[PDB]
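In what follows, a single structure is set out as structure tokens and then discussed.
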Amino acid sequence: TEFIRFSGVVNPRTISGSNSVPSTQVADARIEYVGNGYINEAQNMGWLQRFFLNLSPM
Amino acid sequence: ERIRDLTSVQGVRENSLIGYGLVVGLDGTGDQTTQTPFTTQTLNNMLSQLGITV
Amino acid sequence: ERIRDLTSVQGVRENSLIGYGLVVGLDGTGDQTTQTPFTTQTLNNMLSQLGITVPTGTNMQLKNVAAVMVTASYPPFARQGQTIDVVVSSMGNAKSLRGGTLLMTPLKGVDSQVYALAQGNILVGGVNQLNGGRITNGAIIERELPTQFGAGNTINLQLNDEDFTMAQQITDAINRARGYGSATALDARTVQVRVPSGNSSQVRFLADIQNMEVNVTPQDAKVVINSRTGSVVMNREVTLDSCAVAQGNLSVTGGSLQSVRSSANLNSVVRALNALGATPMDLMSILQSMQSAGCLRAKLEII
Amino acid sequence: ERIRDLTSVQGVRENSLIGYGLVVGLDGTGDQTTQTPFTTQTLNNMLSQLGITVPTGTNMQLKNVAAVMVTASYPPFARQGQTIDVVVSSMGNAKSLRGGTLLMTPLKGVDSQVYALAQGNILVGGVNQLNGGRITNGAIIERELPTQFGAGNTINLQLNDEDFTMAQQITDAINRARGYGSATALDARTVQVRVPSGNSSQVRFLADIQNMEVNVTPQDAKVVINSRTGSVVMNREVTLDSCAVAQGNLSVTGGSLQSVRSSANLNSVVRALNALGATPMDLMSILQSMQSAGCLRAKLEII
Amino acid sequence: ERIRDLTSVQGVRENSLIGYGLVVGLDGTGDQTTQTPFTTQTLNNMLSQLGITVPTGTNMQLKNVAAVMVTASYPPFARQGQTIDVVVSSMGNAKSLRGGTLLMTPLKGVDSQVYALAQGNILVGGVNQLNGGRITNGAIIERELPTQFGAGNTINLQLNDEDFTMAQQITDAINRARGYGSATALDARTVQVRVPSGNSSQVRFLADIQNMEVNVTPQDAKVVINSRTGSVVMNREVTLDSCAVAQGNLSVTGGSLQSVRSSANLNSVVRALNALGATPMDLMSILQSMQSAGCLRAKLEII
């Protein structure tokens with residue numbers, strides 16, 4: 001399952017005649033594109049690797 | 001009527017006001033709008049304010 | 001009827017309303033719609049609102065539709081349901097608006113709020129303007145404005161033209177037929193009157209006030225010159241001093257320097273200036289030069 | 001008949017209805033339908049509703065069908081089943097609507113609700129407009145509007161033109177033939193009358209009120225200039241002051257500066273202005289210049 | 001005959017019926033059928049219904065068949081088996097419908113239900129319209145509408161034009177020849193009458209009511225201008241005020257500013273307006289300008 005979430009503030013005078021506005025005209029743009037399932041679980045670093053990435057000297 | 005025609009009162013004066021506008025309803029005798037971009041730009045501004053986004 | 005024709009009541013004023021609309025029913029004299037995309041865009045908007053969704057990718061080439069701007073005046077104390085006249089002016093490359101019909105148009109104010117709804121049949125003269133028309137009772141008021149009329153015991157009459165003598169004269173006229181302290185002049189353009197507390201009481205008071213007659217006092221001497229239309233207008237209080245005037249192709253009828261007799265009243269001024277035998281185009285330059293020299297004892301305004 | 005011709009009743013108003021339709025039966029003077037896709041799209045919609053599904057990929061090139069906009073007025077206290085007149089205006093590249101027939105058209109309000117259904121035969125004059133016609137009793141009311149008429153003991157008469165004197169005069173006229181406190185003016189445009197509680201009682205009261213005659217009081221001095229049609233109209237209360245007028249190709253009949261005699265009534269004004277020998281196109285500029293100078297003691301409006 | 005000519009009965013109304021059909025028997029003046037696929041599609045549908053299945057892939061190029069829209073009015077209290085007149089209008093690129101015959105056509109209502117079946121011979125005038133005709137008794141009613149007539153003790157007479165005075169006058173007329181409390185006006189457009197319980201009793205009551213004569217009261221002053229046909233109509237209650245009128249190429253017969261005498265009745269108005277020597281095209285602009293100024297004491301409507 002993939003979730004695409006959006007939030008922001010849109011000025012009405014930027015909306016085109018087709019009731020559409022580019023995402024770069026939205027002030028507080030919050031764009032999220034996440035997913036779940038084993039496909040997403042395969043793109044998270046292992047806890048030990050994620051610890052060595054932060055605490056290893058080099 | 002001599003004093004009014006000869007003098008003016010202090011503080012009783014006229015100022016100058018200026019503005020920009022559009023004149024509509026001409027019989028084909030308006031701007032070419034290809035050499036005056038501000039005419040079309042301000043018309044689009046007026047339409048966008050009124051609720052039409054060209 | 002002098003006070004109503006000379007002054008205006010404070011808070012009793014007219015606003016300006018503007019809106020955009022479409023005019024349909026023209027005999028092939030509408031927009032080209034290939035150079036005015038907003039006409040077709042707003043027609044498609046109207047159809048989509050009415051229940052017809054024309055495909056986005058398509059060519060509409062209309063000939064009986066024109067995009068117009070509608071202007072009107074919001075009258076004082078306007079109440080919803082009343083009707084006002086509107087002026088309809090074409091906006092892009094339309095040949096004529098002869099027998100068109102204005103579709104539903106919301107007339108916005110300065111605050112971008114709808115105060116009237118406009119729809120009707122345009123009347124075009126038929127050297128007459130073809131892209132401009134007028135619709136009598138073409139718009140219906142939909143919103144009302146709150147006002148402070150009827151609140152307080154002061155009402156300001158605002159003179160159309162500023163004059164201390166005229167303000168004092170109106171003050172003395174109101175204070176003769178309406179009590180001792182019924183009016184006080186505040187400046188050259190404002191007369192403050194004391195009104196009874198209430199709403200109908202102030203209406204009655206102002207009805208009395210408005211039809212009173214005031215003796216208009218001499219009002220400045222001025223010569224108005226309109227060079228764009230080539231017209232000159234002089235009021236009664238314009239005088240002249242004796243001085244010599246010379247201009248091209250004008251001569252005494254015998255040199256080119258003609259003496260202009262000092263003049264006290266307006267008839268003397270007209271006779272002296274007609275003695276020069278000057279065309280109004282030449283008369284404008286003569287008047288400007290005399291104002292520079294000092295013969296013309298008046299205020300020269302160029303409108 | 002003065003009160004009905006001068007005022008309007010609060011809540012007794014006309015709305016505007018709009019709709020889209022097709023006109024059929026034209027003699028080859030309809031849309032091209034290649035530049036107006038909505039005509040063929042809505043014809044296909046009508047056929048699909050009626051039971052004929054034309055293939056999506058096909059070329060229809062009609063000549064007897066035109067897409068039109070229908071406009072009407074929703075009258076006060078309209079009841080379902082009554083008939084109203086409609087105006088039919090072509091919308092795209094149609095030559096004429098001479099003998100067409102308007103198919104079933106739902107007339108929407110501002111709230112996008114159907115208030116009338118329109119269908120009939122168009123009457124086109126036959127220099128006459130060909131893309132605009134009128135159908136008498138062409139639409140039947142299908143929806144009614146709730147109203148507050150008959151509720152409460154106050155009714156507002158709204159003056160067509162704002163005037164404190166006229167409002168006070170109507171107040172005094174209603175309060176002479178209908179009791180002491182039967183009317184109170186609220187502003188320059190509104191007269192509040194006290195009516196009995198009920199529905200038929202208010203109808204009877206307003207029937208009495210409407211046909212009363214009020215003596216119209218002097219009403220402002222104004223000169224209306226319509227430059228688009230080249231017309232000038234002056235009412236009775238327009239006066240003049242003595243001043244000199246000069247304009248191109250106009251001369252005393254002997255200089256170019258003609259003295260205009262002060263004028264008290266309208267006949268004097270007409271005689272003085274005709275003494276100049278000015279065409280109305282020149283007369284408009286003369287009036288504007290005189291208003292600037294101060295000779296013209298009236299309100300100059302440009303419509 | 002006044003009450004029937006002024007009002008309508010509640011629930012006694014006419015509906016609109018629409019349908020699609022084919023007209024056959026034309027002398028080569030039908031659709032091209034290459035640009036109007038629905039004509040051939042519906043002809044193939046008719047043949048398939050009748051027992052002839054034309055192959056799907058084939059070229060039919062007809063000349064004696066036209067696809068038409070049929071419109072009719074469903075009359076009040078219509079019973080199945082009765083006949084009504086229909087109007088037949090061509091729909092695509094047909095030259096004429098001179099001597100065609102309308103095939104079986106089901107006339108649907110707004111609810112898309114068949115209320116009549118239409119079939120007959122079209123009568124086309126023969127500057128006459130060729131794609132529009134009328135069939136007298138061309139449709140037979142097949143469905144009836146339930147009604148509430150005869151139920152209850154109230155019947156509403158709906159005035160064609162809203163007027164408090166006329167509503168009160170009808171109320172007083174019904175209450176003079178038919179008992180004390182036989183009618184009560186509800187608003188400016190509705191008069192509620194009390195009827196006996198039953199069906200024939202209400203029929204008798206309304207038969208009595210309908211032929212009663214009411215004295216029509218003065219009804220507003222209005223000037224109707226039809227710019228598309230160039231016509232002006234003024235009713236009796238139109239008056240004028242003394243004011244000056246100027247327009248292009250019009251002069252006193254000697255300046256261009258002509259004084260219009262105040263006028264009380266309609267004959268005075270006609271004489272004063274004819275004194276200007278104005279063409280109706282000029283007269284429309286004159287009337288609009290006078291309405292703006294205030295000379296014209298009437299309601300100017302543009303139709």
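Within each chain, counting starts at residue 1; across the structure tokens, chains are named A, B, ... in the order shown, with ligands numbered 1 upward in that order.
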
Apply DSSP to the structure's backbone, then extract all residues of chain A labelled alpha helix (DSSP H) and return them as an NGL selection string. :A and (38-41 or 47-55)

Write out as number ranges by chain every residue belonging to chain A that has an atom at most 12 Å from any atom of chain C, counting only C-alpha atoms. A: 16-19

Any chance you could export the current selection's N, CA and C atoms as a CSV table (one decimal), in the first residue's frame?
```
chain,number,residue,atom,x,y,z
A,16,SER,N,-6.0,27.6,-11.9
A,16,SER,CA,-6.3,27.8,-13.3
A,16,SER,C,-7.8,27.6,-13.7
A,17,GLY,N,-8.1,27.7,-14.9
A,17,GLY,CA,-9.5,27.5,-15.4
A,17,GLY,C,-10.0,26.1,-15.2
A,18,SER,N,-9.1,25.1,-15.2
A,18,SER,CA,-9.4,23.7,-15.0
A,18,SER,C,-9.4,23.3,-13.6
A,19,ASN,N,-9.5,24.2,-12.7
A,19,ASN,CA,-9.5,24.0,-11.2
A,19,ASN,C,-8.3,23.2,-10.8
```

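Closest approach to residue 2 of chain B from the set C:184, C:201, C:239, C:131 is made by C:239, with distances taken over only C-alpha atoms.
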
What's the 9 Å shell around residue 36 of chain A, counting only C-alpha atoms, without same-chain residues fewer than 5 positions away, as an MDAnalysis selection string? chainID A and resid 1:3 41

Please produce an output containing N, CA, C and O atoms for each residue in the selection, written as a PDB file, in the first residue's frame.
```
ATOM      1  N   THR A   1       0.847  -1.185   0.000  1.00  0.00           N
ATOM      2  CA  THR A   1       0.000   0.000   0.000  1.00  0.00           C
ATOM      3  C   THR A   1       0.883   1.235   0.000  1.00  0.00           C
ATOM      4  O   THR A   1       1.796   1.348   0.822  1.00  0.00           O
ATOM      5  N   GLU A   2       0.598   2.160  -0.909  1.00  0.00           N
ATOM      6  CA  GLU A   2       1.297   3.430  -1.010  1.00  0.00           C
ATOM      7  C   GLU A   2       0.346   4.563  -0.655  1.00  0.00           C
ATOM      8  O   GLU A   2      -0.806   4.582  -1.099  1.00  0.00           O
ATOM      9  N   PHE A   3       0.846   5.510   0.133  1.00  0.00           N
ATOM     10  CA  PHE A   3       0.097   6.685   0.547  1.00  0.00           C
ATOM     11  C   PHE A   3       0.793   7.921   0.002  1.00  0.00           C
ATOM     12  O   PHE A   3       1.992   8.115   0.234  1.00  0.00           O
ATOM     13  N   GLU A  41       9.570  -2.570   3.854  1.00  0.00           N
ATOM     14  CA  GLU A  41      10.428  -3.099   4.908  1.00  0.00           C
ATOM     15  C   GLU A  41      11.806  -3.469   4.376  1.00  0.00           C
ATOM     16  O   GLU A  41      12.768  -3.539   5.145  1.00  0.00           O
TER      17      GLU A  41
END
```

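A straight line drawn from atom CA of residue 234 of chain E to atom CA of residue 283 of chain E is 12.1 Å long.
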
Applying 6 Å and only C-alpha atoms, which residues near residue 258 of chain E remain after dropping the ones on its own chain fewer than 3 positions away? List them as a PyMOL selection string. chain E and resi 244-245+252

Mind running chain C against chain B at 8 Å and telling me each contacting residue's nearest atom pair with the distance in Å (one decimal), counting only C-alpha atoms, chain and number ascending, as a Markdown table?
```
| residue | atom | partner | partner_atom | distance |
| --- | --- | --- | --- | --- |
| C:19 | CA | B:50 | CA | 7.3 |
| C:20 | CA | B:50 | CA | 7.4 |
| C:37 | CA | B:54 | CA | 7.3 |
| C:38 | CA | B:54 | CA | 6.2 |
| C:41 | CA | B:54 | CA | 7.8 |
| C:42 | CA | B:52 | CA | 7.5 |
| C:69 | CA | B:24 | CA | 7.6 |
| C:88 | CA | B:25 | CA | 7.7 |
| C:89 | CA | B:25 | CA | 4.1 |
| C:90 | CA | B:25 | CA | 4.6 |
| C:91 | CA | B:24 | CA | 5.6 |
| C:93 | CA | B:28 | CA | 6.4 |
| C:94 | CA | B:28 | CA | 7.6 |
| C:95 | CA | B:27 | CA | 7.0 |
| C:96 | CA | B:27 | CA | 7.8 |
| C:112 | CA | B:50 | CA | 7.6 |
| C:129 | CA | B:27 | CA | 6.8 |
| C:130 | CA | B:27 | CA | 6.5 |
| C:131 | CA | B:25 | CA | 5.0 |
| C:132 | CA | B:25 | CA | 5.1 |
| C:218 | CA | B:1 | CA | 6.9 |
| C:219 | CA | B:1 | CA | 7.9 |
| C:220 | CA | B:5 | CA | 5.9 |
| C:221 | CA | B:5 | CA | 6.6 |
| C:297 | CA | B:5 | CA | 8.0 |
| C:298 | CA | B:5 | CA | 7.1 |
| C:299 | CA | B:5 | CA | 7.7 |
```

Selection export as a PDB file, in the first residue's frame, atoms kept: C-alpha atoms:
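So the final result, stored in again.pdb, reads:
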```pdb
ATOM      1  CA  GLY C  19     -18.777  42.964 -13.444  1.00  0.00           C
ATOM      2  CA  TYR C  20     -17.981  40.733 -16.389  1.00  0.00           C
ATOM      3  CA  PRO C  37      -9.608  33.250 -25.230  1.00  0.00           C
ATOM      4  CA  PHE C  38     -11.586  34.502 -22.236  1.00  0.00           C
ATOM      5  CA  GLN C  41     -13.322  30.060 -21.628  1.00  0.00           C
ATOM      6  CA  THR C  42     -16.209  31.795 -19.868  1.00  0.00           C
ATOM      7  CA  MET C  69     -17.776  44.616 -18.960  1.00  0.00           C
ATOM      8  CA  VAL C  88     -22.361  47.404 -21.260  1.00  0.00           C
ATOM      9  CA  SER C  89     -19.020  47.863 -23.032  1.00  0.00           C
ATOM     10  CA  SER C  90     -17.300  45.346 -25.285  1.00  0.00           C
ATOM     11  CA  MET C  91     -13.846  44.137 -24.275  1.00  0.00           C
ATOM     12  CA  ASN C  93     -12.427  42.742 -31.090  1.00  0.00           C
ATOM     13  CA  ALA C  94     -16.234  42.754 -31.301  1.00  0.00           C
ATOM     14  CA  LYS C  95     -17.792  44.597 -34.219  1.00  0.00           C
ATOM     15  CA  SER C  96     -21.116  45.529 -32.615  1.00  0.00           C
ATOM     16  CA  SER C 112     -15.258  42.187  -4.476  1.00  0.00           C
ATOM     17  CA  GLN C 129     -21.248  53.731 -30.888  1.00  0.00           C
ATOM     18  CA  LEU C 130     -21.788  50.032 -31.611  1.00  0.00           C
ATOM     19  CA  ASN C 131     -19.744  48.370 -28.846  1.00  0.00           C
ATOM     20  CA  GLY C 132     -21.395  50.324 -26.038  1.00  0.00           C
ATOM     21  CA  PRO C 218     -20.544  86.280  -7.175  1.00  0.00           C
ATOM     22  CA  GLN C 219     -18.301  83.211  -7.676  1.00  0.00           C
ATOM     23  CA  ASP C 220     -14.732  83.937  -8.917  1.00  0.00           C
ATOM     24  CA  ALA C 221     -13.778  84.992 -12.387  1.00  0.00           C
ATOM     25  CA  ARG C 297      -8.346  89.701 -14.728  1.00  0.00           C
ATOM     26  CA  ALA C 298      -9.625  86.148 -14.392  1.00  0.00           C
ATOM     27  CA  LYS C 299      -8.448  82.627 -13.584  1.00  0.00           C
TER      28      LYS C 299
END
```

Backbone-only DSSP, strand (DSSP E) members of segment 82-271 of chain C, as a PyMOL selection string: chain C and resi 83-90+101-108+114-121+132-141+154-159+183-185+190-194+222-226+231-234+239-240+243-246+257-260

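Among the candidate residues E:264, E:250, E:278, E:116, the one lying nearest to chain D is E:250, with distances computed using only C-alpha atoms.
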
I need the chain E residues near chain C as a list in words; criterion: at most 8 Å, counting only C-alpha atoms. residues 227, 228, 281, 282, 284, 285, 288, 300, 301, 302 and 303 of chain E

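Take the candidates A:15, A:9, A:55, A:45 and check each one against residue 27 of chain A using only C-alpha atoms; the shortest distance goes to A:9.
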
So that I can check the surroundings of residue 181 of chain E, please list as a PyMOL selection string every protein, DNA and RNA residue that reaches within 9 Å of it, counting only C-alpha atoms and ignoring chain neighbours fewer than 3 positions away. chain E and resi 174-175+178+184+193-194

For the residues in the current selection, export N, CA, C and O atoms as an mmCIF file, in the first residue's frame.
```
data_model
loop_
_atom_site.group_PDB
_atom_site.id
_atom_site.type_symbol
_atom_site.label_atom_id
_atom_site.label_comp_id
_atom_site.auth_asym_id
_atom_site.auth_seq_id
_atom_site.Cartn_x
_atom_site.Cartn_y
_atom_site.Cartn_z
ATOM 1 N N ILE E 174 -65.950 39.004 -6.850
ATOM 2 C CA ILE E 174 -66.423 37.674 -6.488
ATOM 3 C C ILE E 174 -67.267 37.725 -5.226
ATOM 4 O O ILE E 174 -68.238 36.974 -5.087
ATOM 5 N N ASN E 175 -66.933 38.614 -4.297
ATOM 6 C CA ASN E 175 -67.653 38.720 -3.036
ATOM 7 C C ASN E 175 -68.897 39.588 -3.136
ATOM 8 O O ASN E 175 -69.567 39.807 -2.124
ATOM 9 N N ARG E 178 -71.349 36.538 -5.310
ATOM 10 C CA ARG E 178 -71.284 35.150 -4.863
ATOM 11 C C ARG E 178 -71.185 34.994 -3.351
ATOM 12 O O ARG E 178 -70.642 33.995 -2.873
ATOM 13 N N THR E 184 -60.904 35.631 -0.990
ATOM 14 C CA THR E 184 -59.929 36.339 -0.178
ATOM 15 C C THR E 184 -58.624 36.402 -0.953
ATOM 16 O O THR E 184 -58.124 35.372 -1.407
ATOM 17 N N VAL E 193 -60.615 31.500 -3.425
ATOM 18 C CA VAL E 193 -62.067 31.460 -3.362
ATOM 19 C C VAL E 193 -62.484 30.186 -2.645
ATOM 20 O O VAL E 193 -61.817 29.148 -2.730
ATOM 21 N N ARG E 194 -63.590 30.282 -1.917
ATOM 22 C CA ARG E 194 -64.153 29.150 -1.198
ATOM 23 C C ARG E 194 -65.206 28.489 -2.078
ATOM 24 O O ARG E 194 -66.166 29.140 -2.503
#
```
